[PDB]
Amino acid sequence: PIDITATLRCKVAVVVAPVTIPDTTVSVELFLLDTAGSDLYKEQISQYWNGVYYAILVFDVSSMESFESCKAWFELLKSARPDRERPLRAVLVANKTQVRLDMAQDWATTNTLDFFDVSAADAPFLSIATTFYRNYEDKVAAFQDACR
C-alpha cells in the first residue's frame, strides 16, 4: 500500500486480514466471521444475506472433540449454501492448546481441504486468499468476453 491497484474483499467463516497476492499488485481483504463473535450470526440474519462460501476450520491437536466438531461444521456449511453451483472452499488448521495429524491430513485430503499445522503461519490465509483471487481473475475475464 500504495502500490495496490485493486483491493478484493472476501467473506470467511472462521470456526479484516489483508493479504497481498504475489507476484501481483492486488490486495485481498479477508472478512473473518468468527462464529461466536457473533459476526457470522449478524450476517446470516441480515437482509440480503448471501450465504458463506469460504471457511477456515481450526482444531486443537489434543482434542479429538474439536476436530470432529470441525467435520460437522464443514458438512453443515456445505449443506447451508444457497447456491449449489459455487463450491465451499475450506482450509483445515491444526493448532495447540487426542488428534492424529496423520489422520487429520488425510480426511482433509480425501475432502479437498488444504491442511496447515500451526503448533508450534499466515499460510491458511494466503491459501484462502489466492483461491479467491483465482475466481476473481476468471469471472473478470468471462465478463469481458460476455460483453463484446
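Don't overthink the numbering: it's just position in the shown sequence, from 1.
The stretch of deposited sequence separating residue 21 from residue 22 contains no residues lacking coordinates in this entry. Deposited sequence between residue 103 and residue 104: no residues lack coordinates (chain continuous). The deposited model assigns a higher average Cα B-factor to 139-147 than to the other stretch when 139-147 and 4-12 are compared.
Just going by the entry, 106-114 versus 86-94 on mean CA temperature factor gives the higher value to 106-114. Taking the deposited Cα B-factors for 27, 79, 46, 50, the highest one is held by 46. In the PDB entry, a CA B factor belonging to the middle third of its chain's modelled residues is recorded for residue 33. Placement of the Cα temperature factor of residue 61 within the chain: highest third of the modelled residues, per the deposited record.
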